[PDB]
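Analysis of the macromolecular model
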Amino acid sequence: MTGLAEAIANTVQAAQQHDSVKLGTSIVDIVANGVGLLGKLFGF
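Residues numbered from 1 in each chain as written, not as in the entry; some residues may be left out. Heavy atoms only, no water.

Judging from the entry metadata, solution NMR is the method by which this structure was determined.

In the nomenclature of the PDB entry, the protein corresponds to Modulin Beta2 from the organism Staphylococcus aureus. The title line of the PDB record says "Phenol-soluble modulin Beta2". The Subcellular location (unreviewed entry) field of the UniProt record for the protein holds the comment "Secreted". Quoted verbatim from the Sequence similarities (unreviewed entry) field of UniProt, the annotation for the protein is "Belongs to the staphylococcal hemolytic protein family." (UniProt positions renumbered as here; feature names shortened; annotations may be inferred.)

If you want it as structure tokens, here you go:
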């Protein structure tokens with residue numbers, strides 16, 4: 001699928017991992033944690 005990180009990256013544009021730090025469990029552990037899965041696939 002293409003909605004594993006896209007969905008979370010759909011708010012980071014304005015949130016930038018900010019508002020999520022105060023509200024969101026499947027968002028704060030995806031942009032910093034979940035990203036660890038793609039980091040090796042791509043590089044970041």
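From this point, things continue past the structure.
**A look at unusual backbone geometry**
With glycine set apart, most residues show a phi of negative sign, and most peptide bonds adopt trans. Even without a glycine there, the phi angle at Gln 16 is positive, about 65 degrees. With respect to the secondary-structure elements, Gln 16 resides in the loop between helix 2 (12-15) and helix 3 (19-22). With a relative accessible area of 61%, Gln 16 lands in the exposed category. Phi at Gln 17 is positive, roughly 65 degrees, even though this residue is not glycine. Looking at where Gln 17 falls in the secondary structure, it is placed in the loop between helix 2 and helix 3. Residue classification places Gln 17 among the partly exposed positions, given a relative accessible area of 41%. (Helix = DSSP H or I, 4+ residues; strand = E, 2+ residues; numbered from the N terminus. Buried < 20%, exposed > 50% of the residue type's maximum accessible area, 1.4 Å probe, protein only.)

**Observations regarding the layout of surface pockets**
A water-sized probe rolled over the atoms picks out the places where empty space is left. Looking at the largest pocket, its volume works out to about 170 Å³. Residue lining of the largest pocket: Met 1, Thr 2, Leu 4, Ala 5, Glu 6, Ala 9, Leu 38 and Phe 42, and that is the complete set. Residue composition of the lining of the largest pocket, by class: six nonpolar, one polar and one charged. (1 Å grid on protein atoms, 1.4 Å probe; cavity = no way out; pocket = protein on both sides within 12 Å on 5 of 7 lines; lining within 4 Å. Points joined across faces, edges and corners; volume = space filled by probe spheres on them. Nonpolar A, V, L, I, M, F, W, Y, C, P; charged D, E, K, R; others polar.)

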